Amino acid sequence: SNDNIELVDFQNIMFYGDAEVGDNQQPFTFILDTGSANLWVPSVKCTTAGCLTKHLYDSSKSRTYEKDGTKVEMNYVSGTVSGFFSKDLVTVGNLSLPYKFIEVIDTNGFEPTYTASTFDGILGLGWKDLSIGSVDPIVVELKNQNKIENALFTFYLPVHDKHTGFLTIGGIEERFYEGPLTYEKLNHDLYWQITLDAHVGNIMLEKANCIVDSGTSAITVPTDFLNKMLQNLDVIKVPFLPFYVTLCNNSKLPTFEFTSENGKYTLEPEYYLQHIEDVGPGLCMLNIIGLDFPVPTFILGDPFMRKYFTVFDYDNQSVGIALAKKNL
């Protein structure tokens, strides 16, 4: 019944999945990003160094290509790509639909991220009004065409050296989680954002905005909240970068607890530490960065999602959260 695209871990920090553009089935690797709402692929017309090692899109070889050519720039927090709109058949798992996407010709504003990673493009899994060009989300559009049961998708993330992951479209599969699945209502029209009380030891923020974001390989915390957490924690900031290093077994490292009237979600140090033995013996980096939004906000990124199976439900305007099964 449901369509299941396999997720591959890349250096236990990112994960990617593959999909196709064109009726000649041109293959691409995507970051799958719940926090954005446009699809893009690098073009054969790309003029920049970053495209050299990528799978490139050739509209001339697809009979289902429809020209648009409207110029567009996608601005991410990690950089900018530019190009123009094109329309073609997009295939995700076994499902296809004609889809508007961005043909990228300049990726120099997205370095060094682009050249250092093995993805080709980004496939947005956000809300329509967050898109450029008023593009209906893939999953919404697939439901509207009755190709899937429900306008929802789920993430069961891969775990480095343990199991593969899945982006599942159309339904919720019991095989991905254990214990209860708790639904948290979205608190915003166009982000996968929910309200949770956030506790880290003695520090807490009542009714914080929490964005569940598949494209962010960190937990982000308000900067003042982070500053309090790190006080007398025996961690050291990396020169010039917003990351902190610690002895891996530092017993002061706290557990994040997020609560709603419905549920309680925790994130222990094992889920947010990254070993860096090559930099030194028994050293870890915290996958936590300080970021201020206009309203106090946490991004519950990839470290959160490695622990917790997540359901993104457009029809019920909610995020479902459950403990991910350790193995399939």
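Numbering starts at 1 and runs along the sequence shown.
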Report task. Identify the stretch, either 275 to 283 or 56 to 64, whose C-alpha atoms have the larger mean B-factor according to the entry. Result -> 275 to 283
Report summary line: When mean C-alpha B-factors in the record are compared for 157 to 165 and 135 to 143, the larger belongs to 157 to 165
Requested in this report: Select one of 204, 105, 102, 212: the residue whose C-alpha shows the highest B-factor in the crystal structure entry.
Outcome: 204
Requested in this report: Among 82, 216, 117, 193, single out the one with the highest C-alpha B factor in the record, please.
Outcome: 117
Query raised in the report: In terms of the CA temperature factor given in the entry, to which third of its chain does residue 245 belong: lowest, middle or highest?
Result: middle
Report summary line: Entry-reported C-alpha B-factor of residue 8 relative to its chain, by third, is highest
Query raised in the report: For residue 230, does the deposited CA B-factor place it in the lowest, middle or highest third of the chain?
Result: highest
Query - CA B-factor placement of residue 14, once the chain's modelled residues are sorted into thirds - result: highest
Report summary line: Entry-reported C-alpha B-factor of residue 33 relative to its chain, by third, is lowest
